[PDB]
>>> print(open('my_file-v5.cif').read())   # mmCIF, C-alpha atoms and all ligand atoms
data_entry
#
loop_
_atom_site.label_atom_id
_atom_site.label_comp_id
_atom_site.auth_asym_id
_atom_site.auth_seq_id
_atom_site.Cartn_x
_atom_site.Cartn_y
_atom_site.Cartn_z
CA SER A 1 0.00 0.00 0.00
CA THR A 2 0.85 3.69 -0.26
CA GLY A 3 -0.52 7.05 0.87
CA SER A 4 -0.07 10.61 -0.40
CA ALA A 5 -1.33 13.76 1.34
CA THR A 6 -0.85 17.48 0.75
CA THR A 7 0.59 19.53 3.62
CA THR A 8 -0.15 23.25 3.85
CA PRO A 9 1.53 26.10 5.75
CA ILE A 10 -0.70 27.42 8.54
CA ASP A 11 0.27 31.04 7.87
CA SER A 12 2.32 33.33 5.64
CA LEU A 13 5.57 32.55 7.50
CA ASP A 14 5.38 28.74 7.31
CA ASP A 15 5.33 28.60 11.12
CA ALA A 16 3.91 25.07 10.84
CA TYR A 17 2.31 22.72 8.32
CA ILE A 18 -1.04 20.94 8.59
CA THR A 19 -2.07 17.75 6.83
CA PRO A 20 -5.64 16.39 6.67
CA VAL A 21 -6.14 13.11 8.54
CA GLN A 22 -9.27 10.93 8.59
CA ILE A 23 -10.13 9.48 12.01
CA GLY A 24 -12.98 7.12 12.81
CA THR A 25 -16.14 5.81 11.16
CA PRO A 26 -17.69 7.81 9.54
CA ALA A 27 -14.47 9.76 8.93
CA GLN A 28 -13.77 12.82 11.03
CA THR A 29 -11.18 14.91 9.25
CA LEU A 30 -8.71 16.80 11.44
CA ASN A 31 -5.78 18.88 10.29
CA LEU A 32 -2.71 17.54 12.06
CA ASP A 33 0.84 18.77 12.45
CA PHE A 34 3.04 15.91 11.19
CA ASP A 35 6.00 15.90 13.58
CA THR A 36 9.11 13.79 12.95
CA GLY A 37 10.40 14.99 16.33
CA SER A 38 7.78 13.23 18.48
CA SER A 39 5.89 9.95 18.53
CA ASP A 40 2.38 10.68 19.81
CA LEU A 41 -0.73 11.05 17.66
CA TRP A 42 -2.95 13.32 19.72
CA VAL A 43 -6.03 15.37 18.91
CA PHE A 44 -8.29 18.06 20.24
CA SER A 45 -11.44 16.18 21.19
CA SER A 46 -14.86 16.25 22.82
CA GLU A 47 -12.91 15.57 26.04
CA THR A 48 -10.66 18.64 25.87
CA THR A 49 -11.26 21.24 28.61
CA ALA A 50 -13.76 23.65 27.04
CA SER A 51 -11.79 26.80 27.92
CA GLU A 52 -8.73 25.41 26.12
CA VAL A 53 -10.44 24.92 22.76
CA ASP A 54 -10.55 28.00 20.50
CA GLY A 55 -11.55 27.19 16.92
CA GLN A 56 -10.01 23.73 16.53
CA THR A 57 -11.87 20.85 14.94
CA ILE A 58 -12.35 18.16 17.56
CA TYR A 59 -12.47 14.37 17.44
CA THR A 60 -15.58 12.88 19.05
CA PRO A 61 -14.94 9.18 19.74
CA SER A 62 -18.59 8.60 20.73
CA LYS A 63 -19.55 9.40 17.13
CA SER A 64 -17.15 6.79 15.72
CA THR A 65 -18.40 3.22 15.49
CA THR A 66 -14.81 1.93 15.31
CA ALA A 67 -13.56 3.89 18.34
CA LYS A 68 -12.65 1.81 21.41
CA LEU A 69 -11.39 3.19 24.73
CA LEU A 70 -7.91 1.85 25.45
CA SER A 71 -8.78 1.05 29.04
CA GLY A 72 -6.45 2.52 31.65
CA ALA A 73 -4.09 4.23 29.23
CA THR A 74 -3.04 7.84 29.72
CA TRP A 75 -0.56 10.10 27.97
CA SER A 76 1.31 13.26 28.87
CA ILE A 77 3.81 15.10 26.73
CA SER A 78 5.90 18.23 26.94
CA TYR A 79 7.71 19.57 23.90
CA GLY A 80 11.01 21.40 23.46
CA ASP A 81 9.38 24.82 23.75
CA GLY A 82 7.59 24.30 27.07
CA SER A 83 4.23 23.48 25.51
CA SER A 84 2.32 20.40 26.65
CA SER A 85 -0.80 18.27 26.41
CA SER A 86 -2.26 15.19 28.11
CA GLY A 87 -5.29 12.92 28.20
CA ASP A 88 -6.52 9.40 27.60
CA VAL A 89 -6.45 7.04 24.64
CA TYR A 90 -8.75 5.47 22.07
CA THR A 91 -7.95 3.09 19.27
CA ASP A 92 -9.59 3.89 15.97
CA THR A 93 -9.15 3.75 12.21
CA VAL A 94 -6.82 6.41 10.87
CA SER A 95 -6.22 7.25 7.23
CA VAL A 96 -3.62 9.54 5.66
CA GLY A 97 -3.89 10.26 1.94
CA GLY A 98 -5.49 6.89 1.13
CA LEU A 99 -3.36 4.88 3.54
CA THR A 100 -5.39 3.26 6.32
CA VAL A 101 -4.28 1.97 9.73
CA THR A 102 -6.78 0.07 11.88
CA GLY A 103 -6.40 0.07 15.66
CA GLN A 104 -4.22 3.17 15.72
CA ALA A 105 -3.78 4.76 19.14
CA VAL A 106 -5.54 8.12 19.01
CA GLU A 107 -4.60 10.12 22.07
CA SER A 108 -7.49 12.31 23.17
CA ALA A 109 -6.46 15.56 24.80
CA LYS A 110 -8.08 16.41 28.12
CA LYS A 111 -5.62 19.29 28.62
CA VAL A 112 -3.58 21.42 26.19
CA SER A 113 -1.21 24.32 26.92
CA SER A 114 -1.87 27.87 25.78
CA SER A 115 0.21 27.80 22.59
CA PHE A 116 -1.95 24.96 21.29
CA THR A 117 -5.18 26.73 22.28
CA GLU A 118 -4.01 29.89 20.53
CA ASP A 119 -3.25 27.92 17.34
CA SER A 120 -6.76 27.54 15.84
CA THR A 121 -5.41 25.93 12.65
CA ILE A 122 -3.81 22.91 14.34
CA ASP A 123 -6.22 20.18 15.49
CA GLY A 124 -3.49 17.89 16.79
CA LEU A 125 -0.10 16.31 16.16
CA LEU A 126 0.82 13.13 14.32
CA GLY A 127 4.19 11.91 15.55
CA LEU A 128 6.65 10.32 13.12
CA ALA A 129 9.72 9.80 15.31
CA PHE A 130 10.48 6.32 16.64
CA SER A 131 7.82 4.67 18.80
CA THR A 132 10.24 4.39 21.72
CA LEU A 133 9.35 8.03 22.50
CA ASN A 134 5.61 7.43 22.67
CA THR A 135 4.28 8.66 26.02
CA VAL A 136 1.29 6.30 26.45
CA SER A 137 1.35 4.56 29.84
CA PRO A 138 1.33 1.80 31.03
CA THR A 139 1.45 0.28 27.52
CA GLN A 140 3.53 2.25 25.01
CA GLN A 141 1.86 2.66 21.60
CA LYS A 142 3.17 2.64 18.02
CA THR A 143 3.23 5.60 15.63
CA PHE A 144 1.08 5.73 12.52
CA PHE A 145 4.19 4.96 10.44
CA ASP A 146 5.25 2.07 12.65
CA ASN A 147 1.77 0.53 12.32
CA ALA A 148 1.60 1.03 8.54
CA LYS A 149 5.18 -0.07 7.87
CA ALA A 150 4.67 -3.76 7.09
CA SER A 151 1.80 -2.99 4.70
CA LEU A 152 3.71 -0.29 2.82
CA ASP A 153 5.24 -1.09 -0.59
CA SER A 154 8.50 0.23 0.89
CA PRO A 155 9.10 1.01 4.60
CA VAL A 156 9.58 4.74 4.02
CA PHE A 157 7.87 8.10 4.20
CA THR A 158 8.98 11.31 2.53
CA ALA A 159 8.65 14.99 3.45
CA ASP A 160 8.45 17.56 0.66
CA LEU A 161 7.65 20.85 2.41
CA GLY A 162 6.93 23.96 0.39
CA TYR A 163 8.29 27.47 0.84
CA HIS A 164 5.24 29.69 1.25
CA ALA A 165 3.40 26.94 -0.66
CA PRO A 166 1.82 23.51 -0.16
CA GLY A 167 3.92 20.37 -0.12
CA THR A 168 3.52 16.61 0.19
CA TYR A 169 3.92 13.74 2.65
CA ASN A 170 4.15 10.38 0.89
CA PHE A 171 4.04 6.96 2.54
CA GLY A 172 5.46 3.76 1.08
CA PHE A 173 7.10 5.13 -2.07
CA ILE A 174 9.60 7.62 -3.41
CA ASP A 175 8.27 10.01 -6.06
CA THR A 176 11.21 10.29 -8.43
CA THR A 177 9.55 13.25 -10.17
CA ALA A 178 9.59 15.28 -6.95
CA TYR A 179 13.31 16.06 -6.81
CA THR A 180 16.32 16.92 -8.94
CA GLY A 181 19.61 15.05 -9.18
CA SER A 182 20.17 12.13 -6.83
CA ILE A 183 19.13 11.36 -3.28
CA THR A 184 22.07 11.19 -0.88
CA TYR A 185 21.53 8.83 2.01
CA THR A 186 23.16 9.22 5.41
CA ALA A 187 23.28 7.16 8.62
CA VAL A 188 20.69 7.53 11.38
CA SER A 189 21.01 6.97 15.13
CA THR A 190 17.80 5.94 16.89
CA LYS A 191 19.42 5.99 20.34
CA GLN A 192 17.49 9.12 21.39
CA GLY A 193 14.36 8.08 19.49
CA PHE A 194 14.85 10.80 16.86
CA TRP A 195 15.79 10.82 13.18
CA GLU A 196 19.29 11.80 14.27
CA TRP A 197 22.10 12.24 11.75
CA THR A 198 25.40 14.04 11.16
CA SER A 199 25.77 16.86 8.68
CA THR A 200 29.20 17.11 7.05
CA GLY A 201 29.35 20.90 7.38
CA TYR A 202 28.14 24.24 6.11
CA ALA A 203 28.69 27.34 4.02
CA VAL A 204 27.36 30.90 4.29
CA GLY A 205 26.33 32.51 1.00
CA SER A 206 28.98 32.07 -1.67
CA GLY A 207 31.57 31.39 1.04
CA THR A 208 33.85 28.36 1.20
CA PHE A 209 32.45 25.15 2.64
CA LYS A 210 33.50 24.37 6.22
CA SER A 211 33.87 20.63 6.80
CA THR A 212 32.70 19.91 10.32
CA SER A 213 30.45 17.27 11.85
CA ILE A 214 27.13 18.61 13.09
CA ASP A 215 24.94 16.08 14.86
CA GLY A 216 21.27 16.97 14.68
CA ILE A 217 17.73 15.75 14.14
CA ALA A 218 15.43 16.04 11.15
CA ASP A 219 12.33 17.57 12.76
CA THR A 220 9.32 18.62 10.66
CA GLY A 221 7.65 19.85 13.85
CA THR A 222 10.22 22.57 14.49
CA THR A 223 9.94 25.78 12.48
CA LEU A 224 13.49 27.04 12.46
CA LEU A 225 17.04 25.76 11.94
CA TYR A 226 18.89 25.49 15.27
CA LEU A 227 22.66 25.07 15.03
CA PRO A 228 25.81 25.58 17.16
CA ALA A 229 26.49 29.14 18.23
CA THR A 230 29.74 29.21 16.22
CA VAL A 231 27.88 28.34 13.02
CA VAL A 232 25.01 30.72 13.70
CA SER A 233 27.34 33.62 14.55
CA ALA A 234 29.25 33.00 11.30
CA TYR A 235 25.96 33.22 9.36
CA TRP A 236 24.58 36.41 10.92
CA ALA A 237 27.99 38.15 10.74
CA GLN A 238 27.30 38.39 6.98
CA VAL A 239 24.13 40.46 7.51
CA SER A 240 24.70 44.15 8.28
CA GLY A 241 22.96 45.17 11.49
CA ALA A 242 22.12 41.61 12.53
CA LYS A 243 22.45 40.86 16.24
CA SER A 244 21.34 38.50 18.98
CA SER A 245 18.64 40.05 21.16
CA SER A 246 17.92 38.59 24.58
CA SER A 247 14.69 40.60 24.84
CA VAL A 248 13.38 39.12 21.59
CA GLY A 249 14.96 35.69 22.14
CA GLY A 250 17.36 35.25 19.25
CA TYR A 251 18.99 36.78 16.20
CA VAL A 252 17.12 39.65 14.58
CA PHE A 253 18.12 41.62 11.50
CA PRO A 254 17.04 44.80 9.69
CA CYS A 255 14.02 44.02 7.51
CA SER A 256 15.76 46.01 4.73
CA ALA A 257 18.51 43.38 4.51
CA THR A 258 19.05 40.85 1.75
CA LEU A 259 19.83 37.54 3.48
CA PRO A 260 22.60 35.22 2.22
CA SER A 261 21.90 31.55 1.48
CA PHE A 262 22.95 28.80 3.88
CA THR A 263 24.33 25.48 2.69
CA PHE A 264 24.45 22.30 4.76
CA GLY A 265 26.33 19.11 3.94
CA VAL A 266 24.83 15.66 3.51
CA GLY A 267 27.76 13.35 2.91
CA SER A 268 29.47 14.76 -0.18
CA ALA A 269 26.21 16.42 -1.28
CA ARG A 270 25.03 19.95 -0.52
CA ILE A 271 21.59 21.36 0.23
CA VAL A 272 21.21 25.11 -0.32
CA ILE A 273 18.71 27.09 1.76
CA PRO A 274 17.88 30.31 -0.13
CA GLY A 275 18.18 33.49 1.90
CA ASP A 276 14.43 34.28 1.71
CA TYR A 277 13.75 31.01 3.57
CA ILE A 278 15.60 32.47 6.56
CA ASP A 279 13.31 35.53 6.84
CA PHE A 280 10.56 35.19 9.46
CA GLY A 281 9.39 38.76 9.25
CA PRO A 282 8.85 41.65 11.67
CA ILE A 283 9.25 40.72 15.34
CA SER A 284 5.98 42.57 15.94
CA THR A 285 3.52 44.13 13.52
CA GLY A 286 4.98 47.18 11.82
CA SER A 287 8.49 46.68 13.21
CA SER A 288 11.58 47.13 11.06
CA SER A 289 13.36 44.41 13.03
CA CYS A 290 12.89 40.95 11.50
CA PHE A 291 13.32 37.55 13.13
CA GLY A 292 15.97 35.20 11.76
CA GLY A 293 15.26 31.64 10.66
CA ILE A 294 18.64 30.33 11.82
CA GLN A 295 19.13 30.34 15.57
CA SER A 296 21.50 28.98 18.19
CA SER A 297 20.86 25.54 19.61
CA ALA A 298 22.98 26.38 22.68
CA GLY A 299 20.03 26.48 25.08
CA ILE A 300 18.35 23.33 23.70
CA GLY A 301 20.91 20.55 24.06
CA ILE A 302 20.47 19.38 20.48
CA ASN A 303 20.83 20.71 16.94
CA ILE A 304 17.51 20.76 15.05
CA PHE A 305 17.17 20.65 11.29
CA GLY A 306 13.69 22.13 11.28
CA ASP A 307 11.43 23.28 8.46
CA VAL A 308 13.80 26.05 7.34
CA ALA A 309 16.30 23.34 6.40
CA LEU A 310 13.93 20.56 5.45
CA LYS A 311 11.78 22.64 3.06
CA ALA A 312 14.88 23.22 0.91
CA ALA A 313 15.06 19.47 0.26
CA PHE A 314 13.18 16.36 -0.68
CA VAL A 315 13.67 14.22 2.44
CA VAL A 316 13.37 10.45 2.69
CA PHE A 317 12.71 8.91 6.10
CA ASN A 318 13.79 5.34 5.53
CA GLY A 319 12.43 3.03 8.20
CA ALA A 320 14.14 -0.17 7.10
CA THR A 321 15.53 -2.37 9.90
CA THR A 322 18.57 -0.07 9.76
CA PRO A 323 16.99 3.37 9.33
CA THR A 324 18.62 6.06 7.20
CA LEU A 325 17.79 9.56 5.97
CA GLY A 326 17.91 10.75 2.37
CA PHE A 327 18.24 14.31 1.04
CA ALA A 328 17.82 15.58 -2.52
CA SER A 329 17.65 19.08 -3.98
CA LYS A 330 14.36 19.99 -5.67
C1 LIG B 1 5.58 20.11 16.98
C2 LIG B 1 5.05 21.17 17.91
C3 LIG B 1 5.06 21.01 19.28
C4 LIG B 1 4.54 22.00 20.09
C5 LIG B 1 4.01 23.15 19.53
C6 LIG B 1 4.06 23.25 18.13
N1 LIG B 1 4.56 22.28 17.33
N2 LIG B 1 3.50 24.47 17.56
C7 LIG B 1 2.44 24.20 16.61
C8 LIG B 1 4.49 25.51 17.18
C9 LIG B 1 5.67 25.06 16.34
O1 LIG B 1 6.55 26.15 16.08
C10 LIG B 1 5.00 26.22 18.44
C11 LIG B 1 4.06 26.44 19.63
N3 LIG B 1 4.27 25.33 20.69
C12 LIG B 1 3.38 24.14 20.47
#
>>> encode(input="my_file-v5.cif", output="structure tokens")
Amino acid sequence: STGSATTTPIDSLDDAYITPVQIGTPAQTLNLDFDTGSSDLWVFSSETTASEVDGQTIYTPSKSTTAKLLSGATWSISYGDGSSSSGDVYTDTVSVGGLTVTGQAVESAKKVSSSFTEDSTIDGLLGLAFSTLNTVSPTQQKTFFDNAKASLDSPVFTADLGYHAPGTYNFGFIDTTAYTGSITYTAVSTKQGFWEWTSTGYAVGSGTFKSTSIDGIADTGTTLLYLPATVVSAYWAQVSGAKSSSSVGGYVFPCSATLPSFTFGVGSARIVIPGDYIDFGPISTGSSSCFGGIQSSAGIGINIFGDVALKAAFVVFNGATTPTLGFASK
């Protein structure tokens, strides 16, 4: 089997991407944030505290004839930015772009933190990291990908995120029309439960390539590119007036600037992030200070190849018994 679904930026800055997902019988369609940095499929639901729902589409398990309470199971998750959610668990039928999983754990939110409430366009998250990170207790549950894997033509999914435009998540096949040149594959470590790999280095603009190992994770659920302070300082040093602001919480730059590209290494291959991809606009409405799309990972504990990096590539998440990651230009 295979599946193919379009993913769409939630706003004009590509702060996140939502993908339609069918849950239950008859189908209830929710727009989920596909997140290769976590492993929980959770949704706003009829069980979510009323004051914490503001515009989201909710899942109502009582209206699904295939919904079954997973008796005794609870879940509780906190993400890298301090946001969180928790609740109980149903199993139900879940379909993504024509690909159907029966008995998928659908984690029903009883509580969500403010940043989720304030995000009316995101109805939930669909985790695509390794199932070892799934927070369901006392019986850990499998991701949508993990459950579909054996049925897929090939044990892979691909992320093809658009810049200020829709993109595609495919399951079970590699669309050879979706990229240019060849796909370069690189080793993955699952030891932290992430799609963790090692970049071979970087370049700023038309500058020379610096060979240096940068361990990081491919995370569709993170907006920006977070890299070591050395690398990030080298980038912003090429933008006149750019500076790190503690009050704003990262590098900002004059909105009148033209940003340089940023290149990262994948083995001997190179992925080029155009400068415009690194512009996240005025820090506040009407401001002439703009927020940068490349930031320091120093306060995180891990480097994160988020959407800013990933949207510049066609990315293969290969879930064979020895997982690997593939990157192609497009
Ligand atoms: C993957 C994920 C986790 C938590 C959150 C999230 N995404 N949202 C939608 C955005 C992402 O920039 C930030 C707000 N914190 C909640």
>>> residues_near_ligand(input="my_file-v5.cif", ligand="ligand LIG 1 (chain B)", cutoff="12 Å", atoms="all atoms listed in the file", output="PyMOL selection string")
chain A and resi 9-11+13-18+31-42+77-85+112-129+219-225+280+293+306-308
>>> atom_distance(input="my_file-v5.cif", atom1="atom CA of residue 295 of chain A", atom2="atom CA of residue 195 of chain A")
19.9 Å
>>> atom_distance(input="my_file-v5.cif", atom1="atom CA of residue 245 of chain A", atom2="atom CA of residue 288 of chain A")
14.2 Å
>>> closest_residue(input="my_file-v5.cif", among="A:255, A:242, A:53, A:106", to="residue 68 of chain A", atoms="only C-alpha atoms")
A:106
>>> atom_distance(input="my_file-v5.cif", atom1="atom CA of residue 102 of chain A", atom2="atom CA of residue 144 of chain A")
9.7 Å
>>> residues_around(input="my_file-v5.cif", residues="segment 311-320 of chain A", least_positions_apart="6", cutoff="7 Å", atoms="all atoms listed in the file", output="NGL selection string")
:A and (155-163 or 179 or 271-273 or 326-330)
>>> closest_residue(input="my_file-v5.cif", among="A:304, A:101, A:183, A:309", to="residue 267 of chain A", atoms="all atoms listed in the file")
A:183
>>> closest_residue(input="my_file-v5.cif", among="A:208, A:45, A:284, A:95", to="residue 25 of chain A", atoms="all atoms listed in the file")
A:95
>>> residues_around(input="my_file-v5.cif", residues="residue 87 of chain A", least_positions_apart="6", cutoff="9 Å", atoms="all atoms listed in the file", output="PyMOL selection string")
chain A and resi 42+47-48+73-76+107-112
>>> closest_residue(input="my_file-v5.cif", among="A:21, A:5, A:187, A:89", to="residue 323 of chain A", atoms="only C-alpha atoms")
A:187
>>> decode(input="my_file-v5.cif", residues="segment 105-135 of chain A", atoms="N, CA and C atoms", output="mmCIF file, in the first residue's frame")
data_model
loop_
_atom_site.group_PDB
_atom_site.id
_atom_site.type_symbol
_atom_site.label_atom_id
_atom_site.label_comp_id
_atom_site.auth_asym_id
_atom_site.auth_seq_id
_atom_site.Cartn_x
_atom_site.Cartn_y
_atom_site.Cartn_z
ATOM 1 N N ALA A 105 -3.525 4.040 17.902
ATOM 2 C CA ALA A 105 -3.775 4.764 19.141
ATOM 3 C C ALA A 105 -4.009 6.232 18.814
ATOM 4 N N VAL A 106 -5.192 6.717 19.175
ATOM 5 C CA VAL A 106 -5.542 8.121 19.007
ATOM 6 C C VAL A 106 -5.641 8.712 20.401
ATOM 7 N N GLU A 107 -4.693 9.581 20.725
ATOM 8 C CA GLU A 107 -4.599 10.125 22.068
ATOM 9 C C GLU A 107 -5.467 11.363 22.186
ATOM 10 N N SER A 108 -6.487 11.262 23.029
ATOM 11 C CA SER A 108 -7.495 12.310 23.169
ATOM 12 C C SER A 108 -7.082 13.310 24.235
ATOM 13 N N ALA A 109 -6.926 14.570 23.846
ATOM 14 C CA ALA A 109 -6.457 15.562 24.799
ATOM 15 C C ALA A 109 -7.536 15.940 25.807
ATOM 16 N N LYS A 110 -7.225 15.819 27.095
ATOM 17 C CA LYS A 110 -8.076 16.414 28.124
ATOM 18 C C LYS A 110 -7.568 17.818 28.454
ATOM 19 N N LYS A 111 -6.255 17.998 28.368
ATOM 20 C CA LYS A 111 -5.616 19.294 28.618
ATOM 21 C C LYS A 111 -4.646 19.642 27.499
ATOM 22 N N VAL A 112 -4.622 20.915 27.092
ATOM 23 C CA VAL A 112 -3.583 21.418 26.188
ATOM 24 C C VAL A 112 -3.056 22.760 26.714
ATOM 25 N N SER A 113 -1.780 23.053 26.461
ATOM 26 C CA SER A 113 -1.208 24.317 26.923
ATOM 27 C C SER A 113 -1.630 25.459 26.005
ATOM 28 N N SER A 114 -1.351 26.679 26.441
ATOM 29 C CA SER A 114 -1.874 27.869 25.782
ATOM 30 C C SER A 114 -1.462 27.992 24.314
ATOM 31 N N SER A 115 -0.236 27.598 23.966
ATOM 32 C CA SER A 115 0.212 27.803 22.589
ATOM 33 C C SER A 115 -0.565 26.911 21.624
ATOM 34 N N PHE A 116 -1.083 25.791 22.117
ATOM 35 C CA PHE A 116 -1.952 24.960 21.285
ATOM 36 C C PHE A 116 -3.345 25.582 21.155
ATOM 37 N N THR A 117 -3.879 26.069 22.272
ATOM 38 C CA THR A 117 -5.184 26.728 22.280
ATOM 39 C C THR A 117 -5.200 27.910 21.317
ATOM 40 N N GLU A 118 -4.108 28.666 21.318
ATOM 41 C CA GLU A 118 -4.011 29.889 20.528
ATOM 42 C C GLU A 118 -3.829 29.619 19.032
ATOM 43 N N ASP A 119 -3.472 28.380 18.711
ATOM 44 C CA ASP A 119 -3.248 27.924 17.343
ATOM 45 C C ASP A 119 -4.516 27.281 16.773
ATOM 46 N N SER A 120 -5.469 28.084 16.295
ATOM 47 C CA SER A 120 -6.756 27.541 15.842
ATOM 48 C C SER A 120 -6.653 26.638 14.611
ATOM 49 N N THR A 121 -5.543 26.711 13.880
ATOM 50 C CA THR A 121 -5.408 25.928 12.646
ATOM 51 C C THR A 121 -4.878 24.513 12.857
ATOM 52 N N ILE A 122 -4.383 24.224 14.057
ATOM 53 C CA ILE A 122 -3.810 22.906 14.335
ATOM 54 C C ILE A 122 -4.696 22.104 15.295
ATOM 55 N N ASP A 123 -5.252 21.008 14.772
ATOM 56 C CA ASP A 123 -6.218 20.181 15.485
ATOM 57 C C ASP A 123 -5.539 19.081 16.292
ATOM 58 N N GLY A 124 -4.230 18.951 16.121
ATOM 59 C CA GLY A 124 -3.486 17.892 16.789
ATOM 60 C C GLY A 124 -2.141 17.631 16.145
ATOM 61 N N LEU A 125 -1.405 16.670 16.698
ATOM 62 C CA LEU A 125 -0.098 16.310 16.160
ATOM 63 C C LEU A 125 -0.116 14.852 15.757
ATOM 64 N N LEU A 126 0.624 14.524 14.710
ATOM 65 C CA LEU A 126 0.820 13.135 14.320
ATOM 66 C C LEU A 126 2.324 12.856 14.337
ATOM 67 N N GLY A 127 2.773 12.118 15.349
ATOM 68 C CA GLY A 127 4.192 11.915 15.553
ATOM 69 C C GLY A 127 4.781 10.883 14.612
ATOM 70 N N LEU A 128 5.976 11.178 14.100
ATOM 71 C CA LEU A 128 6.652 10.323 13.123
ATOM 72 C C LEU A 128 8.104 10.030 13.508
ATOM 73 N N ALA A 129 8.448 10.272 14.771
ATOM 74 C CA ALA A 129 9.719 9.795 15.308
ATOM 75 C C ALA A 129 9.576 8.313 15.635
ATOM 76 N N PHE A 130 10.535 7.753 16.353
ATOM 77 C CA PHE A 130 10.475 6.320 16.645
ATOM 78 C C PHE A 130 9.581 6.050 17.848
ATOM 79 N N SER A 131 8.899 4.903 17.840
ATOM 80 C CA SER A 131 7.820 4.665 18.796
ATOM 81 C C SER A 131 8.324 4.585 20.240
ATOM 82 N N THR A 132 9.630 4.415 20.400
ATOM 83 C CA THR A 132 10.244 4.392 21.720
ATOM 84 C C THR A 132 10.011 5.694 22.506
ATOM 85 N N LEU A 133 9.647 6.776 21.815
ATOM 86 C CA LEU A 133 9.352 8.035 22.497
ATOM 87 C C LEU A 133 7.876 8.199 22.844
ATOM 88 N N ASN A 134 7.035 7.253 22.441
ATOM 89 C CA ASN A 134 5.608 7.428 22.671
ATOM 90 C C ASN A 134 5.308 7.478 24.169
ATOM 91 N N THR A 135 4.478 8.432 24.590
ATOM 92 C CA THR A 135 4.279 8.658 26.024
ATOM 93 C C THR A 135 3.109 7.877 26.650
#
